[PDB]
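Accompanying notes for the structure given below.
Atom set for the values below is all heavy atoms of this structure, side chains included, hydrogens, waters and symmetry mates excluded. Order of the sequence lines sets the chain letters (A, B, ...), proteins ahead of strands, with each chain counted from 1.
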Amino acid sequence: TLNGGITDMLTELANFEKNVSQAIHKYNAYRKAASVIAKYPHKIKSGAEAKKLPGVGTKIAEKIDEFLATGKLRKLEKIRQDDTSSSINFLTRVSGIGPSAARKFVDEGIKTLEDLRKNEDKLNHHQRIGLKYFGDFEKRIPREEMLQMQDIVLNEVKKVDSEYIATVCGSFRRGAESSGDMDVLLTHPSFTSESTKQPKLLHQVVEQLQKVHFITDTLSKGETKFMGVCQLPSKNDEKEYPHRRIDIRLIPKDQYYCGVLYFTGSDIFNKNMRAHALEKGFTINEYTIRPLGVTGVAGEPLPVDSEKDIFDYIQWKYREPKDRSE
DNA sequence: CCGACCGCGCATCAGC
DNA sequence: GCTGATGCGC
DNA sequence: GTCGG
Ligand SMILES: Nc1nc2c([nH]c(=O)n2[C@H]2C[C@H](O)[C@@H](COP(=O)(O)OP(=O)(O)OP(=O)(O)O)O2)c(=O)[nH]1
Ligand SMILES: [Ca+2]
Ligand SMILES: [Ca+2]
Ligand SMILES: [Ca+2]
């Protein structure tokens, strides 16, 4: 965190553009600059020094000069004073409340945690659960708890069908000492790109995890993606563990490497890598990497036997998960 | 100067 | 009910 | 907000 002051500033600007302005390209511009600066191995001395980095342009260089001189950014000091922006920014921290709903809630005079808690009937299901665990979802998960959580998920999945493979991805797979939440990649041989020889594959796993009281709430659920809430068991007289967010993604078994690349991230890493894919005439998603024809139409799925094959196609040296934390 | 900015699953809703 | 757009999220 | 063409 050589440049923590700067990257914090940029992230707050990023958050303003997403939540308030609803300017997603600006949000992404700010996040990209923050990311490139975060890995830059020097304490930055000027906006000019920063503008050398890709993604840092004229306007952010100016802000970095202002920040270095004064320790502050006038633009942000103002945003912080503005009640409508403060309220919107607050409300979007509830899972399920995005920029649009936040602004609509403010319009109706719902703008504090108390307001939310007295108007539960104005929330959809996701939002109500996001509100219920507002505090818990703020907390990070120690790797040691992630490890206990992995063990429960892996062993319960095995009890359902020993042919399931469950892989914990996200920042955990990147080696992080703490994680925002748990991400499980699920495969089963019955579900391939060619056929689905077995229904309820995700359901069965979700039910078993609910049965043992690991999964406690559901935010959304379909055939291939679960988004919900889980909690470690606690011992006699112990305070309960906080509730945690969990995502489970069922991916065609033959498309595992594209899936685990996607689910391992980071999100900014994924965005960067997919952009680069396009520059190189490929398109990457969680299933496949395909060539872009002479017109911009995706061709057939290229063969993939490893994460490295994907990097190879786009002429990137292989990067271990622990170095994908952009 | 300006087009393009990654890709997609689930929930909600409007129109038909 | 279906379809397509939008919101929110990974 | 930034960048390549
Ligand atoms: N292609 C793409 N992938 C994304 C996006 N957002 C996003 O989270 N992903 C991927 C990469 C992430 O590592 C993975 C899991 O999301 P996550 O919110 O749990 O993030 P994480 O594990 O890296 O980090 P964290 O929980 O410690 O905060 O989903 C996106 O916008 N585009
Ligand atoms: Ca995570
Ligand atoms: Ca997650
Ligand atoms: Ca995230």
Worksheet entry | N28(A) vs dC5(B): side-chain N/O to OP1/OP2 distance below 4.0 Å | no

Fill in: Verdict with reasoning, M227(A) to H126(A), per side-chain contact (heavy atoms from CB on, under 4.5 Å)
CA-CA 10 Å; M227(A) 176 177 299; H126(A) 183 149; 4.0 Å; yes

Item to complete: Over all heavy atoms of both residues, which pair between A50(A) and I64(A) is shortest? Give the atoms and the distance, please.
Response: CB-CD1, 3.6 Å

Worksheet entry | Nearest-Å distance once atom P is located in both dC10(C) and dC5(B) | 24 Å

Discussion item. Can you measure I24(A) atom CD1 to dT2(D) atom P for me and round it to whole angstrom units?
Written reply: 16 Å

Discussion item. Checking the side chain of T92(A) only, and the main-chain atoms of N89(A) only, is there a donor and an acceptor separated by less than 3.5 Å?
Written reply: yes

Worksheet entry | Gap between atoms CD1 and P, on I129(A) and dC10(B) respectively (whole Å) | 19 Å

Discussion item. Less than 4.0 angstrom from a charged side-chain N to a carboxylate O is my criterion; do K75(A) and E66(A) meet it?
Written reply: no

Worksheet item: Where each residue is assigned the nucleotide of DNA chain B containing its nearest heavy atom, which of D267(A) and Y287(A) is assigned the position nearer the 5′ end?
Response: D267(A)

Discussion item. Near DNA chain B, counting only heavy atoms under 4.0 Å, which residues of residues 271-283 of chain A show up?
Written reply: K271(A), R274(A), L278(A), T283(A)

Got a list of side-chain donor-acceptor pairs under 3.5 Å for residues 302-309 of chain A, not counting sequence neighbours?
from: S306(A); atom 1: OG; to: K308(A); atom 2: N; distance (Å): 3.4
from: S306(A); atom 1: OG; to: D309(A); atom 2: N; distance (Å): 3.2
from: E307(A); atom 1: OE1; to: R173(A); atom 2: NH1; distance (Å): 3.3
from: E307(A); atom 1: OE1; to: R324(A); atom 2: NH1; distance (Å): 2.8
from: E307(A); atom 1: OE1; to: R324(A); atom 2: NH2; distance (Å): 3.0
from: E307(A); atom 1: OE2; to: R173(A); atom 2: NH1; distance (Å): 3.4
from: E307(A); atom 1: OE2; to: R173(A); atom 2: NH2; distance (Å): 2.7
from: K308(A); atom 1: NZ; to: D312(A); atom 2: OD1; distance (Å): 3.3
from: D309(A); atom 1: OD2; to: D305(A); atom 2: N; distance (Å): 2.9

Worksheet item: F263(A) CZ to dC8(B) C1': how many Å, rounded?
Response: 12 Å

Worksheet item: Is it the case that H243(A) and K132(A) place a side-chain donor and acceptor less than 3.5 Å from each other?
Response: no

Worksheet item: Using the sign of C1'-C2'-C3'-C4', would you call the sugar of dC16(B) north or south?
Response: south

Worksheet item: Rounded to whole angstrom units, what separation is found between the CZ atom of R128(A) and the P atom of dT12(B)?
Response: 13 Å

Worksheet item: In whole Å, what is the span from the OH atom of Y30(A) to the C1' atom of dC5(B)?
Response: 16 Å

Worksheet, complete the sentence: In whole angstroms, the gap separating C1' of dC8(B) from CD of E286(A) amounts to 5 Å

Fill in: Expected output: side-chain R244(A) to main-chain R140(A) donor-acceptor under 3.5 Å
yes

Discussion item. For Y27(A) and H25(A), I'd like to know if the aromatic rings sit close, meaning centre-to-centre distance below 6.0 Å.
Written reply: no

Worksheet item: Expressed as a whole number of Å, how far does the P atom of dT2(D) sit from that of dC6(B)?
Response: 16 Å

Worksheet, complete the sentence: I251(A) CD1 to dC10(C) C1', in whole Å, measures 11 Å

Item to complete: Please confirm whether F90(A) and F134(A) have ring centers closer than 6.0 angstrom.
Response: yes

Item to complete: Calculate the interatomic distance between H203(A) atom NE2 and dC10(B) atom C1'; express it in whole Å.
Response: 16 Å

Worksheet item: Pick one: which of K32(A), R174(A), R319(A) meets salt bridge (charged side-chain N to carboxylate O under 4.0 Å, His left out) with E326(A)?
Response: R319(A)

Worksheet item: Base, sugar-phosphate, or nothing for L53(A), non-hydrogen atoms under 4.0 angstrom?
Response: sugar-phosphate

Worksheet item: Touch check for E17(A), heavy atoms < 4.0 angstrom, all strands: base, sugar-phosphate only, or nothing?
Response: nothing

Worksheet item: So what does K221(A) touch, heavy atoms closer than 4.0 Å: a base, only the sugar-phosphate, or nothing?
Response: sugar-phosphate

Report all interatomic pairs (protein N or O, nucleotide N or O of nucleotides 2-9 of chain C) with separations under 3.5 Å.
from: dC8(C); atom 1: OP1; to: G98(A); atom 2: N; distance (Å): 3.1
from: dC8(C); atom 1: OP1; to: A101(A); atom 2: N; distance (Å): 3.0
from: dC8(C); atom 1: OP2; to: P99(A); atom 2: N; distance (Å): 3.3
from: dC8(C); atom 1: OP2; to: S100(A); atom 2: N; distance (Å): 2.9
from: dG9(C); atom 1: OP1; to: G96(A); atom 2: N; distance (Å): 2.7

Discussion item. Classify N270(A) by what it touches in the nucleic acid, base, sugar-phosphate, or nothing, heavy-atom distance under 4.0 Å.
Written reply: nothing

